[PDB]
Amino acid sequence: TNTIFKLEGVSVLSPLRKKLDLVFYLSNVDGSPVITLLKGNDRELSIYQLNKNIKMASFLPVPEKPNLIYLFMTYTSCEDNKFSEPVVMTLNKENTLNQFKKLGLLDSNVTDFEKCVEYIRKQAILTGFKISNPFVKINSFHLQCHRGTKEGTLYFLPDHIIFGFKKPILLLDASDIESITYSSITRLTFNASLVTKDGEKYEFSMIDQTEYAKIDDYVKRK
């Protein structure tokens, strides 16, 4: 098969939590792209025909850790139906640059990790899918809140809201939101409940008061 690039020792958080090698390659059979996560020569996870089976993929910031970045993907199905939770991995920026240099993909004097992100995004497009990068012209933002007892990060992206990354990770299409309701309103915090077109209600609690304006604006976006 035709291997395009590989990254070793990537920290995968979902749908399993292991350090794994990432291989991106093109199928022998029809040229469609494949990603597999390897431990030795064992395939722990594989997703075929990424041009058909990736529903959404994005690079996302890691709160308070500018030296790292998440690569997040949702998929329709995977090899042997092993998993359903989204792929989330953590890349160390400097590590990634160094591996790209060793593979000959970037010159040794390149210092900007955004060159790695550009290469990976172009590779997706050449193979027929898209990886977004909303935090590098619509303004995306993220904040910490709770779903019940579990803390997590709520990312507001141009067409999606994501709450992560404890199981089960939540992705909502922005165009599916019908309304927002605020409750438990206090000086420092409030709760917001997003109701979707299908009538489902998603409640996020203990959101900082400073986030109200951006969230209220986001839901009213025309």
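Start at 1 with the first residue shown and count on from there.
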Quiz item: Unmodelled stretch from the deposited sequence between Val136 and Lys137, which bin: none, 1 to 3, 4 to 9, 10 or more?
Solution: 10 or more
Practice problem: Look up the CA B-factors in the entry and say which stretch, 204-212 or 21-29, has the higher mean. | Solution: 21-29
Quiz item: Taking the recorded C-alpha temperature factors, which stretch has the higher mean, 188-196 or 36-44?
Solution: 36-44
Quiz item: In this PDB entry, which of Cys78, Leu105, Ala124, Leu71 has the top CA B-factor?
Solution: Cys78
Quiz item: Taking the values straight from the PDB record, which of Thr111, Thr96, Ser132, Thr149 has the highest C-alpha temperature factor?
Solution: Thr149
Practice problem: Comparing against every modelled residue in the chain, figure out the third that the C-alpha B-factor of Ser58 lands in (lowest, middle or highest). | Solution: lowest
Quiz item: Relative to the other modelled residues in the chain, which third contains the C-alpha temperature factor of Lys82: lowest, middle or highest?
Solution: highest
Quiz prompt | Position of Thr153 among the chain's modelled residues by C-alpha B-factor, lowest, middle or highest third | solution = lowest
